[PDB]
Structure formats: structure tokens, C-alpha cells
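Heads up, the thing below is written out as C-alpha cells.
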Amino acid sequence: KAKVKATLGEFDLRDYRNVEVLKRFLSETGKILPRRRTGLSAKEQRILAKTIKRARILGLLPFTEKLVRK
Amino acid sequence: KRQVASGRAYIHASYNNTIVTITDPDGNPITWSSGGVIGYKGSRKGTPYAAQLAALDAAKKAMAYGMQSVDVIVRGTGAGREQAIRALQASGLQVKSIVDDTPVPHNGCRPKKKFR
Amino acid sequence: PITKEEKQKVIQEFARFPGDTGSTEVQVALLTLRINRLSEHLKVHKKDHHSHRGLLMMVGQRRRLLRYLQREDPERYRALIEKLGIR
Amino acid sequence: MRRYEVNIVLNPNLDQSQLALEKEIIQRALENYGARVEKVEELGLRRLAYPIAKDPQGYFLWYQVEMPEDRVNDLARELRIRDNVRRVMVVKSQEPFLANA
RNA sequence: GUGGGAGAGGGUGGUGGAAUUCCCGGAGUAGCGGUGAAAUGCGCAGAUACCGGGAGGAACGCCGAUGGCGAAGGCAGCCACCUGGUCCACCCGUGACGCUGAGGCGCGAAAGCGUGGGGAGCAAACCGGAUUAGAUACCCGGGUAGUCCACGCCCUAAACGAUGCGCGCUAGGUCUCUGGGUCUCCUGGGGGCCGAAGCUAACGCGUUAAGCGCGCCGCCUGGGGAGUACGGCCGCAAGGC
Ligand SMILES: [Mg+2]
Ligand SMILES: [Mg+2]
Ligand SMILES: [Mg+2]
Ligand SMILES: [Mg+2]
Ligand SMILES: [Mg+2]
Ligand SMILES: [Mg+2]
Ligand SMILES: [Mg+2]
Ligand SMILES: [Mg+2]
Ligand SMILES: [Mg+2]
Ligand SMILES: [Mg+2]
Ligand SMILES: [Mg+2]
Ligand SMILES: [Mg+2]
Ligand SMILES: [Mg+2]
Ligand SMILES: [Mg+2]
Ligand SMILES: [Mg+2]
Ligand SMILES: [Mg+2]
Ligand SMILES: [Mg+2]
Ligand SMILES: [Mg+2]
Ligand SMILES: [Mg+2]
Ligand SMILES: [Mg+2]
Ligand SMILES: [Mg+2]
Ligand SMILES: [Mg+2]
Ligand SMILES: [Mg+2]
Ligand SMILES: [Mg+2]
Ligand SMILES: [Mg+2]
Ligand SMILES: [Mg+2]
Ligand SMILES: [Mg+2]
Ligand SMILES: [Mg+2]
Ligand SMILES: [Mg+2]
Ligand SMILES: [Mg+2]
Ligand SMILES: [Mg+2]
Ligand SMILES: [Mg+2]
Ligand SMILES: [Mg+2]
Ligand SMILES: [Mg+2]
Ligand SMILES: [Mg+2]
Ligand SMILES: [Mg+2]
Ligand SMILES: [Mg+2]
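Protein chains in written order, with the working numbering: chain A, 74 to 143; chain B, 447 to 562; chain C, 811 to 897; chain D, 37 to 137.
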């Protein structure tokens, strides 16, 4: 499988308002993807987590979703 | 007496029992069934045979009000959670979609000693 | 907090000469200012215990240098203490 | 004075009489708290990720200011007063950290 | 000093969603729950399951780690204010100002105590149901103190790296966090794994020493009796040194 950072551009990791890119880092559910799937580094994932939680409080990124399978 | 012909179905699967509710697109229920509704009484309620029969009893009850198209909602892990779904596709009800909405908390309440 | 503007104001007042950043008078001045920034932060927030530890080390370090100033040149010690109102 | 970013989401059902009033009330509160505004970005009608106040959307406002630091939480308390005002999030400004540069 | 840096470090206020419980309403019949099987329990005054609305308290899913911070205890939503520690680049300033540390003073999970609150979930004691030769238990249904908050006591622990602190010296390899750099790498400071010399009774340790040395504090001298008795200090008590 491809990874997120691999298939992307030059983006702002601290911008909580850009949802179109922050949508790519969420799974089917509202969960934050592990590092093995984002292709980020240690310092990068720590910022991504905090900026995703910000976008959640602004009603932009969902806390949880519903899996359509099984 | 309702003529709904479309709606949702909620499968509440536990280790001790599996129970089915059939509703309309708004969330209000029409009929339902469970492992105790059919003859099974004890631990036989949380068995896949029970989950299957419980599903098909509710499915025929929904035929009375005329259900044809059905959406599926599943909550909980337990024996027969899949036997209920497999029973639901071949129940005659055309199954529209199948969603797992099992509620998981963000670690808010302290569980009983059993779950730790 | 303590911005670099207020910082330079202290060094230039207590410098033994222009360009002096590390005199014993300069360090004790700098230390005392952080003492007073903390003593007013600990008047309120009396339950902030971990910050109470850093304060004890500064007082130790502040008295560490005065006990050194005493031994070498007691005049500048008195001129320093009288200027900061200590002890 | 430090630099901050203001995020305000309010009820996306207002006409122009109530929208201009809510916003000029926002401008009134920034004057009393001394927030020199540097620039503004207005998105408005945006699809929310979950129901907020039974409403599926929100009207978004963004201000960038430079104000005294001590009066921040007082300002946050001043904006949640209005009924139409729903979400108030204030963040200290930060540098645009780049990834995959 | 100057200029940068990372962080569940601390304190104060504020704030977000999931979930449990409870109330209101809509809708809807005959059971739910729970176990190795069951039964007390709850359900026709209508539960469980479903939808909507409301309230309250406590805890922070994913990120999340063999990870980070802190002197130890210990510290996870998010925002802001106050704030501590520490590390790197410059080679700028002072000129031995250092290390340890008997007392003293301050901190100190949980449990317990006081006054006043708060009380959703969990839960000693206890009320029941089972199991059993018996059940004063593991398993099940209920449930008070308490857990949470504010203020003041209590001073114990497997408080664990069962390794006191500081410094110097003594092959490397590899994984990692974070800085700087002429950025296959080099160079610091932490956090892991192998292992030279060497030590150790052996297991094992090995630039994070348990090696080689030096300084200072603490403490040990057979088991039971016994962390008991007496005395003293402390404590409201329980009890601690
Ligand atoms: Mg059963
Ligand atoms: Mg409001
Ligand atoms: Mg913190
Ligand atoms: Mg804190
Ligand atoms: Mg009701
Ligand atoms: Mg009865
Ligand atoms: Mg009854
Ligand atoms: Mg009755
Ligand atoms: Mg209540
Ligand atoms: Mg985890
Ligand atoms: Mg550490
Ligand atoms: Mg700091
Ligand atoms: Mg020099
Ligand atoms: Mg000289
Ligand atoms: Mg010392
Ligand atoms: Mg001592
Ligand atoms: Mg204590
Ligand atoms: Mg306690
Ligand atoms: Mg109490
Ligand atoms: Mg209970
Ligand atoms: Mg119990
Ligand atoms: Mg008996
Ligand atoms: Mg030794
Ligand atoms: Mg680099
Ligand atoms: Mg290292
Ligand atoms: Mg050998
Ligand atoms: Mg030995
Ligand atoms: Mg080893
Ligand atoms: Mg050594
Ligand atoms: Mg002894
Ligand atoms: Mg002897
Ligand atoms: Mg003896
Ligand atoms: Mg004892
Ligand atoms: Mg005696
Ligand atoms: Mg005694
Ligand atoms: Mg007494
Ligand atoms: Mg005792």
C-alpha cells in the first residue's frame, strides 16, 4: 500500500483549517492513522495529532464515524 | 397496519444473547425478536442457532407490515453476530447496507472487575 | 515573563564596566530578579510545588555567590547588598 | 503583546441584520480588549463534521491579532456570551511548519 | 551572556466529543440480565433493544511507542495565562566561586482521618443468590464509607534500576529521541539491545559500570523471638521514626 506523505505535496503540518489534506490522514473512522500508514517522522506525527484534534473541536474533522462493512 | 416497506435493522449481539429490532427510516421500531422470544431460555440464547432464528422471526414479522428493503446496524461482539447477518440476507429482505456502530467509549467510566 | 528588554536593563545598571555580562554583581542581580518574579508567582499559586524547587536552587545559587563576594572584596558586597536590599 | 488567531463559529441562519450585528459586536469586544487586528479571512457556510447545536453547518470567522497576553481568557469569556456564537477557539500564532518539503 | 530548541514538567482558569447512569417524550411487546449450568434481581405501574431531547459526575479512545518530561512520588482531550527544569550553537563575560552532605526545613502514589461539599460508574464492610462436605471465598445480583473537589493532618511501599551522589579514565557495533553541523555521515545530551579488556559465587554487568580509581553521606554483622517490649519524639486517631 502507498503512504500518505508519499502521495501528497508540500503542505503545512500546523494548519488545522485545511481539511482536504487532513481528511487523507484519517482512516475510514475518525481515527488518526498510525505512523506505518502516514509515512511521517517522530516530530511530524506529534504535530499532526495536535492539529487534527484542533480541527475536531472546530467541527471540521470527525471524532468518530461508522464503518460500512462486515 | 403501517406499510413501511423500508427501514433499518439493529442487531445487538452479546455473549449471553443476540437480539434484533426492526424499525423504519426514522429510528422508530416496528417489531422485534430475541433469543428469549423463541423457545430458548438459558445460555442457549447466545448461540448462533438462536441468533439466526431470532433474526428470521423478526424478518417474517416485518413482512406483515410489508418490509422489503432493509438497512442493517450491528452493535456488539458475540456468538451469532455473523449468523444473524447471514440469516438476514437470505430472509427475503433485500439488505441495503451493513454498518457496524458498536459504541466504544474514550475511557470515561470504570468497568466492573469482570472487564479488567 | 522576563523579556530580553528587561534583561539588558539589569545588566547595564550593574555592570562593572561596559560589556561585562558575567560579573558576580551581574549574576546576583539577574538571580534576584528571577527570585522576585517567582516570589510573586508563589504568593498566589501556593499549590505549585515543582516551581518551589527551582526557587530553592536560585536562592542557594544567589547565596552561593554572596558568600564568595564576602571573602574577596567585602566593600562591593556591602555596596551590592545595600543596592538590592537583601539580608 | 503576542500574536494570536481567533476562530469563531456561529449559527448559519442569520440574515444580514443579525449577521452584521453579531460581527460588529465582535468588533466592539476587540476594541475594549485592545486587539490590533492584522488580517481577516471569512469562510462562512461550511459543512461540519458532526451536529453542533442540532445544526449541520456553521459560519466561520478568522481573525489575526496582536494584543496583551493577560486579557486572553477574559476575551474568550466575552465572546461565548452571545447566543448565536457557538465555538470560540483562540490559539497563539505559530510558524508554518512544512512537511515533505 | 547571547541566540535557538524539545517536552502527558507544574499551577490557575476555561473548554470539546465519545460513553455509562438517570429524567422527559416518541415508538414498540414478553422478557431482560447473568453463568460451567443456574438462581436472588428487574419487567404489565410496559423494562431490555431503537430514535429524539435534557441533566450530572468522573475518566481521556485513536495519536501511543520497546517514546517523552520530572529529584523521587509521579505526569496523557483541547485552549490560554502564570511558571520550573534541562539541552545544543557562539568562545563573549566572571576567575576555583567546586563536590558531598550528619541536623534542620520542604516535597512525598494509594489507603486512612477532620470540616464542608459532591455523588454517574466502580466498590471494603454488609444485604442476598449460587458453589460446596462446609463458603465467613473465588463466580452473580444489589450496595455504604471511599474513590472526585476545596482546605488542613497522616510520612508508610516491591517509594525498584531491589544498583546513593559527583567526577575522571577504559574497544566497538546497532536501534532510538532531540539539537547542531562542511547532512553516505560527523558531532553532543538522554533513552534501549548486543558485546573488548576487566570484575563477580554464579546468573549477569560492561562509556547510562556492578570495570579501574578518588571524595563524602547512608547502612550491614546468624534465623526465630521481632520491627515486638520499654522509653522518647511526632500524630485528633489509625499509627509512624
Ligand atoms: Mg443467557
Ligand atoms: Mg453560545
Ligand atoms: Mg503541562
Ligand atoms: Mg498542567
Ligand atoms: Mg419512557
Ligand atoms: Mg418478580
Ligand atoms: Mg413485577
Ligand atoms: Mg413488581
Ligand atoms: Mg444528579
Ligand atoms: Mg496505547
Ligand atoms: Mg529523564
Ligand atoms: Mg520553559
Ligand atoms: Mg574566554
Ligand atoms: Mg582576567
Ligand atoms: Mg546537592
Ligand atoms: Mg537530610
Ligand atoms: Mg502522602
Ligand atoms: Mg489519597
Ligand atoms: Mg475524607
Ligand atoms: Mg456494580
Ligand atoms: Mg460485587
Ligand atoms: Mg449456602
Ligand atoms: Mg559505592
Ligand atoms: Mg540534521
Ligand atoms: Mg548515547
Ligand atoms: Mg573475557
Ligand atoms: Mg557484587
Ligand atoms: Mg548486557
Ligand atoms: Mg563509573
Ligand atoms: Mg536499622
Ligand atoms: Mg558477628
Ligand atoms: Mg539473634
Ligand atoms: Mg511496622
Ligand atoms: Mg528503656
Ligand atoms: Mg511507644
Ligand atoms: Mg498523644
Ligand atoms: Mg502498621
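Even for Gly, the Cβ is constructed at its ideal location relative to N, Cα and C.
For residue i, the three-state DSSP class (helix, strand or coil)
| i | result |
| --- | --- |
| B:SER515 | strand |
| A:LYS116 | helix |
| C:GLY864 | helix |
| D:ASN43 | strand |
| C:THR842 | helix |
| A:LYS139 | coil |
| C:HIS855 | coil |
| B:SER480 | coil |
| D:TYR99 | strand |
| A:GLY132 | coil |
| B:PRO494 | helix |
| B:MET509 | helix |
| D:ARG82 | strand |
Distance, residue j Cα to residue i Cα
| i | j | result |
| --- | --- | --- |
| D:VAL101 | D:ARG72 | 5 Å |
| A:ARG127 | A:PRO135 | 11 Å |
| C:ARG886 | D:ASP110 | 47 Å |
| C:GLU815 | C:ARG847 | 15 Å |
| B:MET509 | B:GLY524 | 27 Å |
| D:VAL108 | D:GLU58 | 20 Å |
| B:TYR461 | B:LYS487 | 14 Å |
| D:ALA85 | A:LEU131 | 9 Å |
Anticipated Cβ contact below 8 Å, residue i with residue j, distance rounded
| i | j | result |
| --- | --- | --- |
| B:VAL518 | B:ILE544 | 4 Å |
| A:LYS139 | B:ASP547 | 5 Å |
| D:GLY80 | D:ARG122 | 14 Å between Cβ atoms; not a contact. |
| A:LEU106 | A:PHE98 | 6 Å |
| B:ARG521 | B:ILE457 | 7 Å |
| C:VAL838 | C:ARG888 | 13 Å between Cβ atoms; not a contact. |
Exercise. Does the pairing of the stretch 531-545 of chain B with the stretch 490-509 of chain B give three or more beta-carbon distances under 8 Å?
Worked result: The stretch 531-545 of chain B makes contact with the stretch 490-509 of chain B: 3 or more CB pairs, one atom from each, lie closer than 8 Å.
For this session: Please confirm if the stretch 872-889 of chain C is in contact with the stretch 823-839 of chain C, defined as three or more CB-CB distances below 8 Å between the two stretches.
Result: Touching, per the Cβ criterion.
Problem set entry | Contact between the stretch 39-47 of chain D and the stretch 118-129 of chain D (3+ Cβ pairs under 8 Å) | Yes: at least three Cβ pairs fall under 8 Å.
Problem set entry | Residues of the stretch 125-143 of chain A with Cβ closer than 9 Å to any Cβ of chain B, in chain order | Taken in chain order, the members of the stretch 125-143 of chain A whose beta-carbon sits within less than 9 Å of a beta-carbon on chain B are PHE136, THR137, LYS139, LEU140, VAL141, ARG142, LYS143.
Exercise. Closer than 7 Å, Cβ to any Cβ of chain A: which residues of the stretch 544-557 of chain B, in chain order?
Worked result: The stretch 544-557 of chain B vs chain A, Cβ under 7 Å: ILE544, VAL545, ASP546, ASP547.
Exercise. Counting Cβ pairs closer than 8 Å, one from the stretch 856-869 of chain C and one from the stretch 885-894 of chain C, do we hit at least three?
Worked result: Touching, no, given that fewer than three Cβ pairs across the two stretches are closer than 8 Å.
For this session: Could you list the residues in the stretch 76-93 of chain D with a C-beta less than 7 Å from some C-beta on chain A, going in chain order?
Result: Those residues of the stretch 76-93 of chain D that come within reach of chain A (Cβ to Cβ, closer than 7 Å) are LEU84, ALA85, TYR86, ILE88.
Exercise. Any chance the stretch 88-107 of chain D sits against the stretch 96-110 of chain A, with 3 or more Cβ pairs inside 8 Å?
Worked result: With the cut-off at 8 Å, the stretch 88-107 of chain D and the stretch 96-110 of chain A do not touch.
Exercise. Going along the stretch 506-522 of chain B in order, which residues come within less than 9 Å of chain A, judged by CB to CB distance?
Worked result: Close to chain A, meaning a Cβ-Cβ distance shorter than 9 Å, are the following residues of the stretch 506-522 of chain B: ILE519, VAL520.
Exercise. Are the stretch 113-122 of chain D and the stretch 48-65 of chain D touching by the rule of at least three beta carbon pairs closer than 8 Å?
Worked result: Taking 8 Å as the limit for Cβ pairs, the verdict is that the stretch 48-65 of chain D does touch the stretch 113-122 of chain D.
Problem set entry | Residues of the stretch 77-91 of chain A with Cβ closer than 9 Å to any Cβ of chain D, in chain order | So the close ones are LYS78, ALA79, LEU81, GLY82, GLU83, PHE84, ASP85, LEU86, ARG87, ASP88, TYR89, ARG90.
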